[PDB]
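Worksheet: one structure, shown below.
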Amino acid sequence: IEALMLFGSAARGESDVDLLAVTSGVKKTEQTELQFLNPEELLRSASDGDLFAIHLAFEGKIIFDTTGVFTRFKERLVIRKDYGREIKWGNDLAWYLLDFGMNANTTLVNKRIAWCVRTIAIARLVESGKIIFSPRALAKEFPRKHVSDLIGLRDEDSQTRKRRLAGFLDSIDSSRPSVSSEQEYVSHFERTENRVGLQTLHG
Amino acid sequence: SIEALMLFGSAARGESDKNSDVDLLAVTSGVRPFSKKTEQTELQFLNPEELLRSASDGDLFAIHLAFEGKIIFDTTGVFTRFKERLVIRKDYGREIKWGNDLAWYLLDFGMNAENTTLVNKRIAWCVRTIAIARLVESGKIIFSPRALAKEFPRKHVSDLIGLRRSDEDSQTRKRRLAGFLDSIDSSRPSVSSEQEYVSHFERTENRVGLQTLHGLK
Amino acid sequence: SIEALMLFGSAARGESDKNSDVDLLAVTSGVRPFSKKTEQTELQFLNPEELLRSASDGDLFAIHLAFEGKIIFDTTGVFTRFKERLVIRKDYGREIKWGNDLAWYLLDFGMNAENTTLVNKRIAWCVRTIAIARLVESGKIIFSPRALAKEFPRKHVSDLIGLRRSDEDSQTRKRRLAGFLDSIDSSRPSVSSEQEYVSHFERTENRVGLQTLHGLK
Amino acid sequence: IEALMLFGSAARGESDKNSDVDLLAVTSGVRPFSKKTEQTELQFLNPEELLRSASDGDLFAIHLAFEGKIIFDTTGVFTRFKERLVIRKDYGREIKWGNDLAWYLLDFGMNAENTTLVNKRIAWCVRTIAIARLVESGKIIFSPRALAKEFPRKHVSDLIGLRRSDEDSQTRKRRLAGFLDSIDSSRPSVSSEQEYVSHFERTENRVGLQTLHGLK
DNA sequence: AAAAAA
DNA sequence: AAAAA
DNA sequence: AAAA
Ligand SMILES: [Mn+2]
Ligand SMILES: [Mn+2]
Ligand SMILES: [Mn+2]
Ligand SMILES: [Mn+2]
């Protein structure tokens with residue numbers, strides 16, 4: 001392991017502990033998340049302006065770095081002109097979770113609703129020039145309908161939170177994709193290369 | 001009374017030269033901005049309100065702190081509030097014009113000043129400010145001298161940034177700065193005399209330009 | 001939930017070689033001690049009461065944490081309270097005896113055990129515990145394998161500590177361990193059989209000896 | 001500057017009001033000196049002197065080793081520092097230096113012009129005695145609050161609290177005398193200020209000599 | 001339920 | 001040019 | 001301040 005970084009909530013001072021380990025030749029406990037990446041993928045995330053890379057660059061705390069990979073990481077970062085692609089992936093998966101998700105692995109569904117909401121909020125705020133990633137600040141700076149409730153779903157309890165997701169979607173004037181069955185969603189996620197929407201759908 | 005402390009600059013990046021400074025930012029309430037400098041250390045003091053305001057303004061220096069600063073300690077979370085307040089702008093034309101106008105002043109009146117070290121520091125300030133701003137406008141967050149010269153390859157960028165901690169009084173500095181200004185298609189502001197420059201820096205609120213002149217007297 | 005996190009071991013020292021692990025200590029309320037391992041990481045959990053007890057008891061591991069550990073975060077000040085409780089002892093004869101007794105067990109009955117990796121790890125533990133304790137007794141705070149071999153230069157110390165990263169059942173380990181034990185003038189405990197060793201470890205409160213017996217199943 | 005370390009209260013997470021941020025900068029070719037401001041204190045040392053403080057088991061080096069936070073270290077000097085550290089078996093020399101200076105301050109310093117320096121060095125005497133005796137017992141205590149808890153002699157907290165004070169109260173002398181009595185300190189066999197000076201010279205009490213110099 | 005890392 | 005802790 |  002050539003470099004180690006603290007990120008997430010523990011890096012902001014406020015509760016999961018998230019650690020990024022960079023290693024060439026490559027997860028979770030009740031309390032910890034240890035994520036591994038090789039240097040090529042770390043730098044690619046910077047070059048492609050991944051929202052996750054923006055978080056690491058502006059909020060990650062370097063524990064050690066023997067090779068200087070985190071400084072090459074930062075000098076490769078290009079914040080993209082727009083994150084419409086990412087916003088659309090979050091919107092589309094949200095509609096799928098609304099239409100066919102409220103009765104699946106309920107743990108994953110709630111985690112994924114929160115992912116949709118956070119992704120849309122992070123992307124719109126990054127577009128406007130912000131570097132906000134914590135749930136608390138996202139809800140303050142992107143005060144759409146039920147944002148606090150939905151981000152808090154990242155929670156294995158199932159109620160009638162279908163109404164909350166629908167309200168959120170209306171307040172950002174989201175349009176459902178032109179799909180009917182769940183099988184239409186599969187081909188839509190495949191066609192739009194919605195990796196998370198695909199990984200989610202089978203789970 | 002100092003509620004937070006941050007390492008920034010080359011030492012925060014791990015890329016220190018023989019004659020490189022160690023840059024430290026101390027956040028302490030109830031003071032105006034000032035810096036304590038020794039042989040190899042620069043200690044900058046700022047109060048929290050000024051720090052958060054600089055973030056809200058999208059100051060290029062605030063971006064550097066957010067992107068590269070290493071928090072040594074923070075007892076109040078002020079650096080988290082600082083990052084929440086940051087707004088990276090799309091248009092740094094104001095800061096670019098400030099660096100342009102001061103560069104022209106240094107070209108016209110700086111090359112034979114008594115305080116050679118200040119002129120060189122501020123030539124490099126003009127070039128770095130313009131380079132940093134143009135790259136931020138393109139979605140890049142670049143601050144090291146090496147990457148600035150690579151990513152903003154205008155005429156004499158590397159050797160002019162190299163003047164930042166120099167007492168060189170070479171008469172070639174004029175040609176190099178005029179070459180840089182031509183390569184970015186700079187226009188001299190509608191000014192002639194040194195007093196006219198003062199009013200211009202007053203009128204256009206060029207804080208660093210004003211202080212550079214006061215320093216040179 | 002984790003109230004504090006600390007880097008320790010080789011990475012905290014800045015001397016991690018090819019086959020190094022990253023060692024992390026998470027201080028977690030309301031858990032008993034346990035660890036989470038990958039090929040390149042070790043994550044140790046302790047609750048605050050147990051962390052402070054190890055300091056009060058002068059555990060050699062606690063000395064390592066206080067002397068070389070790097071605090072990543074500490075929301076409760078538990079590491080400050082830990083260091084205030086530390087009492088470095090003058091006499092580590094108990095621990096030295098625990099290391100000697102377990103080394104004889106492993107020499108006599110460990111060399112063809114199924115769990116070759118655990119045997120090798122615990123041979124290195126015996127040698128390291130003896131070496132660290134003797135050096136602490138002399139006023140030195142030494143934990144790195146390189147410095148332990150230098151400051152406690154007994155037979156095969158470097159080779160045997162290097163077994164902590166080995167799954168190999170080489171025949172050379174028995175001779176080397178015997179050479180080390182001879183070089184410190186060690187003697188077998190009065191234990192007439194392998195089966196009598198669990199009773200001996202029980203009566204002498206050799207926790208690592210008992211745990212090693214448990215894991216060798 | 002090849003290495004930089006935070007120490008003192010800020011390294012323990014306790015930097016508050018009226019407390020100073022303490023930084024240690026390692027750089028070549030520099031006699032020990034310190035730059036000080038309202039809220040910071042920047043001590044410079046060369047590598048040879050830093051490692052000597054470890055080899056000699058200086059009480060201050062023990063603080064750096066067990067409580068210092070490394071900000072950066074490009075040469076590994078702090079690792080060679082820690083591997084040189086030898087905690088002495090006895091700190092009687094340091095205890096006597098603090099006792100002797102405390103008596104000098106009691107006898108001749110309680111009315112000096114430089115009240116601030118007297119108060120600072122009273123606290124140094126008390127802190128040095130407390131730290132030294134706790135280190136001899138196997139502890140690594142340096143914060144004022146923990147020193148008063150773990151070395152609970154008479155007035156320890158009041159006297160360490162003089163370290164940032166310009167108080168000239170008459171109570172200081174009686175509190176210092178009480179502290180010295182509670183550790184059964186014996187005053188040096190001197191009868192004059194001139195003889196204190198000769199005593200500090202003979203016993204090589206560098207802080208007692210620097211204090212005397214600074215008071216005049 | 002679970003260290004024994006250094 | 002320490003004496004901080 | 002104007003450090004980056
Ligand atoms: Mn979070
Ligand atoms: Mn720089
Ligand atoms: Mn090791
Ligand atoms: Mn203190």
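What you see below is based on every heavy atom in this structure, not just the backbone, and it leaves out hydrogens, waters and symmetry mates. In what follows, every chain begins at residue 1, and chains take the letters A, B, ... in the order their sequences are listed.
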With a 3.5 Å cut-off and no angle check, do the side chains of [X] and [Y] form a donor-acceptor pair?
| X | Y | value |
| --- | --- | --- |
| D:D58 | D:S53 | no |
| B:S20 | B:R165 | no |
| B:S144 | A:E75 | yes |

State whether the aromatic ring of C:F34 stacks on the base of E:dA2, taking stacking to mean ring centres under 5.5 Å apart and ring planes under 30° to each other. yes
Does C:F61 lie flat on the base of E:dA6, that is, centres under 5.5 Å apart and planes under 30° off? no
Counting the atoms with a prime plus P, OP1 and OP2 as sugar-phosphate, which does [X] contact under 4.0 Å by heavy atoms, base, sugar-phosphate, or nothing?
| X | value |
| --- | --- |
| C:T129 | base |
| C:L46 | base |
| B:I132 | base |
| C:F8 | sugar-phosphate |
| B:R13 | sugar-phosphate |
| D:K36 | sugar-phosphate |
| D:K120 | sugar-phosphate |

Do the charged groups of B:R13 and B:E68 touch, with an N to O distance under 4.0 Å? yes
Salt-bridged, D:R93 to D:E204, with N to O below 4.0 Å?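 Here D:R93 does not pair with D:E204 in a salt bridge, since their nearest N and O are not under 4.0 Å apart.
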Would you call the sugar of F:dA2 north or south from its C1'-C2'-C3'-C4' torsion? south
Categorise the sugar of E:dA1 by the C1'-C2'-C3'-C4' dihedral sign as either north or south. south
Which glycosidic conformation, syn or anti, is assigned to F:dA2 if syn requires a torsion within 90° of zero? syn
Taking syn as within 90° of 0 and anti otherwise, name the glycosidic form of F:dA1.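 For F:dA1, whose glycosidic angle is more than 90° from 0, the conformation is anti.
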Expressed as a whole number of angstroms, how long is the span from [X]:[atom1] to [N]:[atom2]?
| X | N | atom1 | atom2 | result |
| --- | --- | --- | --- | --- |
| D:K35 | F:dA3 | NZ | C1' | 18 Å |
| B:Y92 | G:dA4 | OH | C1' | 13 Å |
| C:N206 | E:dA3 | CG | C1' | 14 Å |
| D:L215 | F:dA3 | CG | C1' | 14 Å |
| D:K96 | F:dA3 | NZ | P | 23 Å |
| D:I87 | F:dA5 | CD1 | P | 20 Å |
| C:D59 | E:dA5 | CG | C1' | 13 Å |
| C:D57 | E:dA3 | CG | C1' | 15 Å |

With nearest nucleotide decided by heavy atoms, which residue, C:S35 or C:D23, maps closer to the 5′ end of DNA chain E?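 That would be C:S35.
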Find which nucleotide of DNA chain E each of C:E50 and C:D21 is nearest to by heavy atoms, and output the residue with the more 5' nucleotide.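 By nearest-heavy-atom nucleotide position, the 5'-most residue is C:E50.
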[X] side chain near [N] phosphate (N/O to OP1/OP2, under 4.0 Å):
| X | N | answer |
| --- | --- | --- |
| D:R127 | F:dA4 | yes |
| B:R207 | G:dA2 | no |
| C:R32 | E:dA1 | no |
| C:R122 | E:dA5 | yes |
| D:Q210 | F:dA3 | yes |

Exam field: side chain B:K36 to backbone B:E42, donor-acceptor pair closer than 3.5 Å: no
Geometric stacking, F:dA2 and F:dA3, six-membered rings, under 5.5 angstrom and under 30 degrees: yes
May I ask you to decide if the ring planes of C:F34 and C:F45 are parallel, tilted or perpendicular, using 30° and 60° as cut-offs? parallel
Compare the minimum distances between each of F:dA3, E:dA6, G:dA3 and the side chain of C:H64, then state the nucleotide with the smallest one.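 My answer, after comparing the listed nucleotides, is E:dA6.
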